[PDB]
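Trainee: If you scroll down you'll find the structure; I have some questions about it.
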Amino acid sequence: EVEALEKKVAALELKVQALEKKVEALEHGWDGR
Amino acid sequence: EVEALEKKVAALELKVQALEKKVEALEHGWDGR
Amino acid sequence: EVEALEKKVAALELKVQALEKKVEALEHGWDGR
């Protein structure tokens, strides 16, 4: 159970990181995004 | 503990999914969003 | 392991909350954002 939850948490961390990059681009207007 | 963490991770997965939909709409301009 | 995963899940919850605030500001146009 713990090892499987470790994987789900890691997948969440990667998705959050990707969302953070997109939102920062939107709010700062990076490269005209 | 594990069962409670399973619930918190599931709630995170749903919130991330909802954020992903909103951000994709913003960056692609879906339906004029 | 469980205590460390509790911390990673809490960090995710805070990052998701912060993303939610930013995305809602972008989609509603709060304060001209």
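We name chains A, B, ... following the order of the structure tokens; residues begin at 1 in each chain, and ligands are numbered from 1 as shown.
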Counting only C-alpha atoms, give me one row per residue of chain C with an atom at most 9 Å from an atom of chain A, showing the shortest contact pair and its distance in Å to one decimal, sorted by chain then residue number, as a Markdown table.
Mentor:
```
| residue | atom | partner | partner_atom | distance |
| --- | --- | --- | --- | --- |
| C:1 | CA | A:2 | CA | 7.6 |
| C:2 | CA | A:2 | CA | 7.4 |
| C:5 | CA | A:6 | CA | 7.2 |
| C:8 | CA | A:9 | CA | 7.4 |
| C:9 | CA | A:9 | CA | 6.9 |
| C:12 | CA | A:13 | CA | 6.8 |
| C:15 | CA | A:16 | CA | 7.3 |
| C:16 | CA | A:16 | CA | 7.1 |
| C:19 | CA | A:20 | CA | 6.9 |
| C:22 | CA | A:23 | CA | 7.4 |
| C:23 | CA | A:23 | CA | 7.1 |
| C:26 | CA | A:27 | CA | 7.4 |
| C:33 | CA | A:27 | CA | 7.2 |
```
Trainee: Could you write those residues out with C-alpha atoms, as a PDB file, in the first residue's frame?
Mentor:
```pdb
ATOM      1  CA  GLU C   1       7.202   6.208   5.785  1.00  0.00           C
ATOM      2  CA  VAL C   2       3.649   7.229   6.620  1.00  0.00           C
ATOM      3  CA  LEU C   5       4.064  10.788   3.077  1.00  0.00           C
ATOM      4  CA  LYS C   8       4.360  15.286   0.988  1.00  0.00           C
ATOM      5  CA  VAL C   9       0.561  15.195   0.812  1.00  0.00           C
ATOM      6  CA  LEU C  12       0.687  19.068  -2.320  1.00  0.00           C
ATOM      7  CA  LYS C  15       0.385  23.924  -3.722  1.00  0.00           C
ATOM      8  CA  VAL C  16      -3.037  22.932  -5.087  1.00  0.00           C
ATOM      9  CA  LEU C  19      -2.920  27.076  -7.866  1.00  0.00           C
ATOM     10  CA  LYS C  22      -4.390  31.838  -9.162  1.00  0.00           C
ATOM     11  CA  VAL C  23      -6.571  30.009 -11.694  1.00  0.00           C
ATOM     12  CA  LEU C  26      -7.300  34.298 -14.124  1.00  0.00           C
ATOM     13  CA  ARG C  33      -5.519  39.680 -13.539  1.00  0.00           C
TER      14      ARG C  33
END
```
Trainee: Name the residues of chain B that fall into alpha helix (DSSP H) according to DSSP on the backbone, using the chain letters and numbers of this document, as a list in words.
Mentor: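 The alpha helix (DSSP H) subset of chain B is residues 2, 3, 4, 5, 6, 7, 8, 9, 10, 11, 12, 13, 14, 15, 16, 17, 18, 19, 20, 21, 22, 23, 24, 25, 26, 27 and 28 of chain B.
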Trainee: Those selected residues, please, written with C-alpha atoms and delivered as a tab-separated table (two decimals), in the first residue's frame.
Mentor:
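Ended up saving to selection_25.tsv:
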```tsv
chain	number	residue	atom	x	y	z
B	2	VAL	CA	-3.11	4.58	5.16
B	3	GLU	CA	-6.84	4.61	4.38
B	4	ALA	CA	-7.10	8.25	5.42
B	5	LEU	CA	-4.08	9.14	3.26
B	6	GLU	CA	-5.68	7.28	0.36
B	7	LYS	CA	-8.64	9.66	0.70
B	8	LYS	CA	-6.43	12.78	0.83
B	9	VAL	CA	-4.54	11.62	-2.26
B	10	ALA	CA	-7.80	10.93	-4.11
B	11	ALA	CA	-9.07	14.41	-3.21
B	12	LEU	CA	-5.82	15.85	-4.55
B	13	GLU	CA	-6.15	13.85	-7.79
B	14	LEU	CA	-9.65	15.28	-8.35
B	15	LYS	CA	-8.50	18.84	-7.63
B	16	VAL	CA	-5.52	18.47	-9.98
B	17	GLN	CA	-7.78	17.09	-12.73
B	18	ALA	CA	-10.12	20.07	-12.34
B	19	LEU	CA	-7.18	22.51	-12.41
B	20	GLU	CA	-5.82	20.81	-15.53
B	21	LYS	CA	-9.15	21.29	-17.32
B	22	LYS	CA	-9.31	24.98	-16.39
B	23	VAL	CA	-5.69	25.70	-17.33
B	24	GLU	CA	-6.00	23.94	-20.70
B	25	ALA	CA	-9.12	26.03	-21.41
B	26	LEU	CA	-7.24	29.21	-20.51
B	27	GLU	CA	-4.18	28.40	-22.57
B	28	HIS	CA	-6.10	27.14	-25.64
```
